[PDB]
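*Asks:* Provided herewith is a single structure, encoded as structure tokens, for subsequent inquiry.
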Amino acid sequence: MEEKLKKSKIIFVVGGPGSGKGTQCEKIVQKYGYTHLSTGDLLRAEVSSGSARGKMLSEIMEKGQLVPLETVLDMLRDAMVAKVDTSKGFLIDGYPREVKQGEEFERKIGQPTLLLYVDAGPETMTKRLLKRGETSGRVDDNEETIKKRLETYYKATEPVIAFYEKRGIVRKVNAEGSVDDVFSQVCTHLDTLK
């Protein structure tokens, strides 16, 4: 299972909050048939579970503490193994988030074959974020999250990108345009896969 994983096709999809990285991922899975994994999607399902894991998390969260990187990575390992005999590839949404977190993933799971960098400029993600707030009921008064979420991304995230191009695996998509025209670009990179 060490090797079966290491040879698996792993694509990190990294980009700012509101860059449109989920929708892209959902078109990849429809096209390509890859396995699409979001951390907050695992987190959510863990919680619902009622696992002993699902509960340590719930409770550290409700204290409003930050979830620990090894449990997140554990969670992710399990889910990749569980699909490894059957899957075409793994699609990993918003991850890493911190350079050392991309370090932990290669050690404990496997190397990424590709890093999909969904690049959108600031007003594009902010907008997309304003609209997504209405869409969910989020009463928010403040641009303290938009503003702050963005800031933290450029701060922690944009340095994953630099770590990555050293290895020659990053491929950037301009994320302005339709979902179809951004996806058009994704196809390009996805095509040279394997």
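*Asks:* For the chain, what is the calculated [θ] at 222 nm in deg cm²/dmol (nearest 500), taking -39500 (n - 2.57) for each run of four or more DSSP H residues and dividing by its residue count?
*Replies:* -16000 deg cm²/dmol
*Asks:* Over what distance in Å are the Cα centres of segment 37-63 and segment 65-112 separated?
*Replies:* A separation of 15 Å, based on Cα centres.
*Asks:* How big is segment 86-175 along each principal axis, measuring the range of its Cα positions in Å and listing the largest first?
*Replies:* For segment 86-175, the Cα extents along the three principal axes come out at 42, 32, 25 Å.
*Asks:* Take each uninterrupted DSSP H stretch in the chain, measure its Cα extent along the helix axis, and return the ones at 27 Å or beyond whose mean Kyte-Doolittle hydropathy is at least -1.0.
*Replies:* The answer is none, since no helix passes both cut-offs.
*Asks:* Nearest 5 percent is fine: what portion of the DSSP beta bridges confined to the chain is antiparallel? Can you show the working numbers first?
*Replies:* Numbers: 0 of 18 bridges.
Roughly 0 percent of the beta bridges in the chain run antiparallel, per DSSP.
*Asks:* Continuing with the same structure: Of the GluC sites (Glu not before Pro) in segment 2-62, which ones lie in a loop per DSSP and count no more than 14 other C-beta atoms within 10 Å?
*Replies:* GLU62
*Asks:* Taking 18 Å as the cut-off for C-alpha to C-alpha distance, list the pairs among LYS21/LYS166; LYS21/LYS100; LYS100/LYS148; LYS21/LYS127; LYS6/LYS27 that go past it.
*Replies:* From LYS21/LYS166; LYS21/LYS100; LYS100/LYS148; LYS21/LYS127; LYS6/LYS27, over 18 Å: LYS21/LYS166; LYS21/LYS100; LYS100/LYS148; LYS6/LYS27.
*Asks:* Continuing with this model, one more query. Can you compute the modelled spin-label distance between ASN142 and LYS55, with each label point 7 Å from Cα toward Cβ, in nm?
*Replies:* 3.2
*Asks:* Can you give the extra length, in nm with one decimal, that the chain gains between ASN174 and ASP41 once fully stretched, where that is 0.36 nm per residue apart less the Cα-Cα distance?
*Replies:* Once the chain is fully extended between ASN174 and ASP41, it gains 45.3 nm.
*Asks:* For the chain, what is the charge dipole size about the Cα centre, in debye to the nearest 20, if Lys and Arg each add +1 at the Cβ and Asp and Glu each add -1 at the Cβ?
*Replies:* About 460 debye.
*Asks:* What translational diffusion coefficient, in µm²/s and rounded to a whole number, does the Stokes-Einstein relation yield for the chain at 20 °C and a viscosity of 1.002 mPa s, taking the hydrodynamic radius as the Kirkwood radius over Cα pairs?
*Replies:* 122
*Asks:* Using DSSP to call loops (not H, G, I, E or B), can you name the trypsin sites (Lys or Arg not before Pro) in segment 7-53 whose Cβ has at most 13 other Cβ atoms within 10 angstrom?
*Replies:* Those satisfying the criteria are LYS7.
*Asks:* Expressed as a rounded percentage, what relative contact order does segment 83-173 have, with Cα pairs under 8 Å and six or more residues apart?
*Replies:* Details: 51 pairs, mean separation 44.3, N = 91.
In percent, rounded to a whole number, it is 49.
Cβ sites come from the backbone with ideal geometry, for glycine too, and all protein chains shown count toward neighbours. The numbers here are math on the coordinates, done by the rules we state, and not lab data.
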